[PDB]
Visitor: 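Please read through the structure below; I'll follow up with questions.
Letters A, B, ... mirror the listed sequences (proteins, then strands); counts begin at 1. Just the heavy atoms: all of them, side chains too, but no hydrogens, waters or symmetry mates, feed the values below. In listed order, ligands and their atoms are each counted from 1.
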2 protein chains.
Amino acid sequence: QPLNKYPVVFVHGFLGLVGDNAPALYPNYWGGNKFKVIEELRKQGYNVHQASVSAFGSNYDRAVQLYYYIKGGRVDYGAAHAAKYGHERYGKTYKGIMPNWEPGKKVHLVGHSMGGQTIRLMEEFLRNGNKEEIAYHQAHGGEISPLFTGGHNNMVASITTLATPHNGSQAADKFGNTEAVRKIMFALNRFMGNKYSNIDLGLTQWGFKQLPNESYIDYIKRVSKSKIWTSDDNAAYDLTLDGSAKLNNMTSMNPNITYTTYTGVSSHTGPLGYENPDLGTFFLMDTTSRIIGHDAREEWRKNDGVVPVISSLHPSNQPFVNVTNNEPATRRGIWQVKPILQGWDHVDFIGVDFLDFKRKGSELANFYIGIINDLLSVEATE
Amino acid sequence: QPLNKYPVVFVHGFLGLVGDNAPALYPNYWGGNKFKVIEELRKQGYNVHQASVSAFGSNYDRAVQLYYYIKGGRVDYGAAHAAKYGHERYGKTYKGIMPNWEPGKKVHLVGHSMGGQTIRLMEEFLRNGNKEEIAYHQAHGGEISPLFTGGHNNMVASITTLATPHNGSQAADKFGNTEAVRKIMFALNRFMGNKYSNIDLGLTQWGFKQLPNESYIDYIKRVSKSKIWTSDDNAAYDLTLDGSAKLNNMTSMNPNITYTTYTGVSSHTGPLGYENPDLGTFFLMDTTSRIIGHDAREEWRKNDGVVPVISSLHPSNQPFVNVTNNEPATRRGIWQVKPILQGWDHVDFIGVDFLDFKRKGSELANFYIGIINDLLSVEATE
Ligand SMILES: *OC(=O)[C@@H](CCCCCC)[C@@H](O)C[C@H](CCCCCCCCCCC)OC(=O)[C@H](CC(C)C)NC=O
Ligand SMILES: CCCCCCCCCCC[C@@H](C[C@H](O)[C@H](CCCCCC)C(=O)O)OC(=O)[C@H](CC(C)C)NC=O
Ligand SMILES: CCCCCCCCCCCCCCCCCC(=O)O
Ligand SMILES: CCCCCCCCCCCC(=O)O
Ligand SMILES: CCCCCCCCCCCC(=O)O
Ligand SMILES: CCCCCCCCCCCC(=O)O
Ligand SMILES: CCCCCCCCCCCC(=O)O
Ligand SMILES: [Ca+2]
Ligand SMILES: [Ca+2]
């Protein structure tokens with residue numbers, strides 16, 4: 001029946017909220033009003049889905065949630081990890097988009113921003129398990145999620161990344177992960193965990209859910225004891241250069257998977273060597289773009305508003321090949337780097353810059369159909 | 001002591017709120033965060049003021065209100081006018097900015113958007129009175145406001161208008177005047193009249209103020225009977241082509257007043273001869289710009305986003321002369337039409353397009369100093 005033999009799962013980045021979990025007024029993540037990715041691709045005959053995973057959590061908490069979003073079941077972050085970071089072992093429970101997901105039945109994974117990192121960690125868990133959980137289950141018995149055991153291959157056909165900070169972003173190191181902004185973020189999470197909230201921001205495993213009989217005052221008091229306030233097991237840390245390099249160091253190439261990256265630039269060179277945002281960079285990124293563009297190291301400057309080009313092209317020290325837009329993108333085991341999209345800021349990729357009339361719906365539609373054609377090539381040349 | 005002999009009064013347009021009356025988060029009307037008109041001109045030794053008048057009311061209502069803002073006193077709309085339109089005769093009471101304003105002690109008047117029309121009407125009342133109120137006062141005794149008496153001359157030095165729709169705007173005829181949109185506007189005025197509201201949107205003469213012991217239900221019932229819902233005594237009607245033509249058909253040139261106008265363009269010709277908004281036109285004006293720009297009469301197309309050029313230049317039936325940027329703007333009795341400001345949209349005049357990096361503070365600084373230097377000239381040459 002569907003044109004693609006393997007389902008496509010789109011994975012959102014940091015601050016992303018999709019589907020039922022989006023606030024009452026909030027942009028449609030995959031395509032804004034420009035090209036409604038999920039709905040239009042379904043209409044054309046493709047089987048596509050929009051994953052929903054923590055908007056503020058770590059790559060690790062998100063990757064476990066992605067496994068359960070696809071497979072179904074109750075999220076198990078692992079006993080060793082829960083105990084090490086001081087959050088709940090068990091999280092939400094998902095119905096599962098493909099409850100029969102197993103070696104043989106594969107999925108295509110497409111990630112935007114942080115979603116690109118989360119996809120890689122999940123593949124890493126399927127193939128290799130999680131050593132600390134294996135050791136923990138060895139020493140203490142109990143149950144271990146099959147996500148953590150390793151040995152599970154032929155489950156992912158492809159990994160495609162769009163403006164992913166594979167090597168981190170200075171917009172995290174210098175704002176985002178600063179004390180003052182982590183506090184803003186975490187206050188927002190506490191608020192949206194109140195007894196009348198229908199929207200889950202992705203940190204309830206740290207205690208941010210007010211109980212039905214608990215006053216707000218007591219809730220503030222309970223949740224100020226949470227480890228979240230000083231932990232690294234969160235997105236803001238993960239997106240920093242250190243945080244993303246930890247992830248690069250624990251991943252490896254799968255020789256069966258087709259890897260491919262897209263990257264945009266939306267900065268231009270100032271007469272001093274520094275990069276400044278183009279007119280029509282989504283305006284919420286004027287400051288983050290300047291921070292990146294004024295880096296001491298010249299090759300870290302060119303950026304999309306919030307991720308530097310060097311971070312998006314591919315994980316550093318992982319094999320890659322610059323590829324053209326024409327040729328098939330059909331090589332396995334190697335990051336295929338697509339030519340830089342000129343004038344595309346971070347959010348032009350998902351269509352939510354409603355202020356920018358140069359980036360047209362017809363264009364974004366061609367962009368996503370181009371990905372889908374590549375994914376169909378991957379299937380045809382298996 | 002102040003460098004200008006006559007005080008300069010700036011008059012906001014439709015939807016404008018200023019000072020104490022501005023909502024909690026709301027732009028600083030006179031210069032945004034670009035150039036703080038009032039505070040900076042004061043700092044440079046000029047005596048300037050921003051009038052606070054009705055944001056949604058008619059030119060008539062607003063002109064009466066302007067008179068009291070300057071003079072001090074209890075707003076009197078006139079008994080004939082209150083009885084013909086169906087609203088309160090009396091309104092707000094103003095402390096007065098020049099309590100001794102009389103023939104001999106002039107004021108300079110500058111108006112943005114509808115401000116410019118309001119200013120023309122107030123001066124018509126000062127000079128020639130309101131004949132309807134005279135004949136009401138003939139018939140029934142009681143009091144007549146001096147604003148309606150007539151023969152007050154030599155009270156305003158100058159009328160200068162920025163992006164004022166002297167001949168209306170189709171954005172009113174099509175948008176901002178229609179039934180469905182009048183309802184939205186009146187709805188909001190109803191709500192801002194609630195008994196916890198500290199902000200006055202300027203239609204409380206029509207019944208829009210909740211009593212302290214009146215429930216919101218009874219308020220709705222009561223104000224439902226107001227004539228506001230079907231009247232023309234309102235801004236939306238007055239900004240239409242017929243609305244503004246009516247004001248033109250009853251104003252005339254005072255030959256001792258110095259008249260000058262300014263006009264912005266922020267549209268460009270498309271391949272069919274229609275006008276579309278430039279990149280940079282404040283985005284809340286995209287649709288209104290297209291409505292104007294697609295007019296069937298070619299001369300009505302070029303626009304600043306919300307007012308067509310042919311409307312801003314001069315009242316169509318009054319005398320004018322195209323003036324250069326450098327000629328001292330010193331002629332009495334004739335609309336001196338300043339050259340069009342290329343790339344300036346409707347709101348770049350007051351500096352609030354925080355999204356347009358091409359329109360800088362220092363540009364807006366020179367523009368306003370420009371206006372003051374021309375007012376100084378008016379003084380210097382009596
Ligand atoms: O996952 C990501 O790709 C992430 C890239 C890393 C950048 C780290 C920055 C901390 C990125 O998308 C994050 C970006 C953040 C936008 C910053 C907002 C700052 C407000 C400042 C106030 C204005 C005056 C200075 O997130 C988005 O673009 C976001 C989600 C993306 C995944 C698209 N938008 C949609 O919700
Ligand atoms: C930072 C936020 C800026 C908001 C600007 C949004 C403009 C939306 C369209 C509103 C129509 C325009 C209406 C025009 O001014 C109006 C022109 C006539 C237009 C008729 C169409 C209703 C006028 O000149 O008084 O209103 C605004 O731009 C207002 C105040 C205006 C006196 C400057 N903006 C609010 O301050
Ligand atoms: C116009 C009156 C609306 C007031 C109702 C709610 C009270 C809160 C006030 C703040 C909202 C003001 C809306 C105007 C938004 C523009 C402000 C901006 O440019 O940041
Ligand atoms: C009345 C429902 C309130 C919904 C919460 C607002 C969420 C803020 C996001 C604003 C961005 C936008 O939707 O344009
Ligand atoms: C439109 C954004 C409003 C931000 C107001 C600041 C309040 C911050 C503290 C929040 C803590 C909490 O409510 O749990
Ligand atoms: C336009 C602002 C967004 C909120 C929409 C509320 C619509 C309610 C209309 C009735 C106004 C009233 O409460 O008197
Ligand atoms: C978050 C704001 C999005 C605005 C999208 C552009 C379409 C708005 C149409 C005209 C706006 C108005 O004046 O009400
Ligand atoms: Ca953009
Ligand atoms: Ca502008």
Visitor: Would you mind naming the N, O or S atom of A:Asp345 nearest to the Ca ion (ligand 8)?
Guide: OD2
Visitor: Is there a side-chain contact between A:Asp356 and A:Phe282 (heavy atoms, below 4.5 Å)?
Guide: no
Visitor: With a 6.0 Å cut-off on ring centres, are A:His112 and A:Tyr29 close enough?
Guide: yes
Visitor: Donor-acceptor check, side chain of B:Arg62 to backbone of B:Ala235, threshold 3.5 angstrom: yes or no?
Guide: no
Visitor: Restricting to N/O/S, name the atom of B:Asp348 that gets closest to the Ca ion (ligand 9).
Guide: OD2
Visitor: Between the Ca ion (ligand 8) and A:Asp356, which N, O or S atom of the residue is the nearest one?
Guide: OD2
Visitor: Return yes if a side-chain donor-acceptor contact under 3.5 Å exists between B:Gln117 and B:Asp238, otherwise no.
Guide: no
Visitor: Using 3.0 Å as a strict upper limit, say whether an N, O or S atom of B:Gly280 approaches the Ca ion (ligand 9) that closely.
Guide: yes
Visitor: Among all the protein's heavy atoms, is there at least one whose distance to atom 17 (C) of ligand 3 comes out below 4.0 Å?
Guide: yes
Visitor: Specify which N/O/S atom of A:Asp353 comes nearest to the Ca ion (ligand 8), by atom name.
Guide: OD2
Visitor: Which residue and atom name correspond to the protein heavy atom nearest atom 15 (C) of ligand 3, and how close is it?
Guide: B:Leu25 O, 4.3 Å
Visitor: Yes or no on ring pair (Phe, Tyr, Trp, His ring centres under 6.0 Å) for B:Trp344 and B:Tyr262, after CA distance, side-chain angles and deciding distance?
Guide: CA-CA 11 Å; B:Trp344 277 43; B:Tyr262 284 95; 8.4 Å; no
Visitor: Kindly confirm whether the Ca ion (ligand 8) is within less than 3.0 Å of some N/O/S atom in A:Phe282?
Guide: no
Visitor: Any protein heavy-atom neighbour for atom 6 (C) of ligand 3 (distance below 4.0 angstrom)?
Guide: no
